[PDB]
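>>> Quick one: experimental structure and sequence below.
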Amino acid sequence: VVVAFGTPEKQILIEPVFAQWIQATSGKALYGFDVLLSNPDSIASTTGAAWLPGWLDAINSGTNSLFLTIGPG
Amino acid sequence: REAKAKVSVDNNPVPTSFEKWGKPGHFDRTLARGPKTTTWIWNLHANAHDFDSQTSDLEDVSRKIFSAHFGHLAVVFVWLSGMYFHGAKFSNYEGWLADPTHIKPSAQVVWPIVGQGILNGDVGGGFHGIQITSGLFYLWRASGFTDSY
Ligand code: CLA
Ligand code: CLA
Ligand code: CLA
């Protein structure tokens, strides 16, 4: 009803904050959460695990289908 | 009011009152005892005009039917007068009559609020409203209406 009347600015867009935070915990730095594996200063990110570089490179390159960026929709 | 006709009426069969308006379900003996289950409500609407299930007298049923006919005719008169008044004080019937081929028949103006005012599109001659499809302006021109009064 809001978009219909030529006033699309009153749409209730609520950010999927919890799921974006979960993505960030796996190293997603798009939303600037800097929590766990999105934070280089975190203990979980400085453990010397051979899977961290490739995982972060695949999850922070917006070219595949891994942890897709989400909006209010 | 006989006038040597076949007319035969009863001068006072039903008294006028408001008490039965306070007893929903007066016409049904199964509903007069009051509700116990929600079904009671629904059936109250289902048998509202079911005059046969309310009384086994064909005469009383015919009387109820006649007065209901009168009530429905009053309702249709109210609706027709609403249409005429909305064409009178809420339509562009005169601006349309002055130039039909370049204007859209509009009526029912919308109060500008919560964005809904967008529904009052420009129909021609500066008039803003909802284009009507009932064809009332064509009927009124055929009848010969010239003035909104
Ligand atoms: C609040 C909304 C609303 C209202 C009340 C109206 C009102 C009206 N419009 Mg409009 N219209 C609307 C929305 C609305 N419109 C929208 C969203 C559009 C699309 C943009 C249009 C487009 C439109 C067009 C194209 C036309 C109209 C027309 C009309 C008139 C026709 C009469 C009629 O429809 O009888 C009512 C019809 C019904 C089916 C009744 C619906 C049942 C109701 C909702 C139940 C409530 C009634 C209540 C229980 C009564 C108790 C009964 C008891 C008294 C016995 C009327 C005065 C016509 C006109 O000529 O305008 C003057 C016409 O051509 N309208
Ligand atoms: C204010 C005047 C008035 C009053 C005090 C009464 C009183 C009574 N009438 Mg009655 N009647 C009236 C006018 C009135 N009538 C009119 C104008 C008509 C012709 C339509 C009738 C035809 C009539 C019939 C056929 C019957 C009664 C019956 C009754 C009795 C019970 C009604 C009931 O069950 O609850 C009251 C119920 C309502 C008020 C329903 C309201 C919903 C209505 C119908 C919708 C609006 C349509 C309306 C009729 C016309 C449009 C209204 C307008 C504002 C647009 C009751 C004592 C019943 C009876 O005899 O009991 C066994 C019965 O069968 N009346
Ligand atoms: C010759 C034309 C005509 C005819 C055949 C009817 C016939 C009928 N009208 Mg309607 N009416 C008309 C013109 C007409 N109307 C006009 C021009 C208007 C102004 C817009 C109305 C507005 C009006 C209202 C507000 C109501 C009626 C109702 C009724 C029904 C009376 C109650 C009943 O029978 O029990 C019940 C009947 C049914 C359960 C059958 C279902 C009816 C379906 C949905 C539509 C039937 C088509 C019908 C011709 C259109 C009526 C429109 C209306 C329902 C909005 C009846 C079937 C009353 C009603 O619907 O009863 C609840 C009602 O409240 N009429």
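Cool, got the structure. Residues are numbered from 1 along each chain as shown, chains lettered A, B, ... in the order given. Ligands and ions are numbered 1, 2, ... in the order given.
>>> Now the spatially most central residue of chain B: which helix or strand?
For chain B, the residue whose C-alpha lies nearest the mean C-alpha position (CA atoms, centre = their mean) is residue B:75; its distance is 3.3 Å. Following DSSP states H and E, one finds residue B:75 within helix B:58-89.
>>> and the gap between residue B:49 and ligand 1?
In this structure, residue B:49 and ligand 1 are 11 Å apart, going by CB to the nearest ligand atom, to the nearest Å. Where you see a C-beta, it was placed from the backbone N, CA and C, and this is true even at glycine.
>>> ok, back up a step: what residues of the helix holding residue B:75 count as buried?
For helix B:58-89, the buried set under the neighbour-count rule, 16 or more other CB atoms under 10 Å in any protein chain shown, comprises B:63-64, B:87.
>>> Buried residues in stretch A:44-64, which are they?
Within stretch A:44-64, the residues scored as buried using 16+ other CB under 10 Å are A:56, A:59.
>>> Confirm for me that residue B:26 is in contact with residue B:20.
Yes - Residue B:26 sits in contact with residue B:20 when judged by CB atoms under 8 Å, with a separation of 4.7 Å.
>>> Between these two, point out the one with more neighbours.
Looking at residue B:26 and residue B:20 with other CB atoms under 10 Å in any protein chain shown, you find the greater number of neighbours at residue B:26, namely 13 against 10.
>>> What segments of chain A are helices?
Taking DSSP state H, the helices of chain A run over residues A:17-25, A:52-59.
>>> Mind listing what's buried along the longest one?
I take that to be helix A:17-25. Counting neighbours by 16+ other CB under 10 Å, one finds that the buried residues in helix A:17-25 are A:20, A:23-25.
>>> Reformat those residues as JSON lines; add distance to ligand 1.
Supplementary listing: those in JSON lines, determined by distance: CB to the nearest ligand atom, whole Å:
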{"residue": "A:20", "distance to ligand 1": "39"}
{"residue": "A:23", "distance to ligand 1": "42"}
{"residue": "A:24", "distance to ligand 1": "45"}
{"residue": "A:25", "distance to ligand 1": "48"}
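>>> burial measure for residue B:48, as a count.
In terms of burial, residue B:48 registers 12 neighbours under the definition other CB under 10 Å.
>>> typo on my end, residue B:107
Using other CB under 10 Å, residue B:107 has 22 other residues around it.
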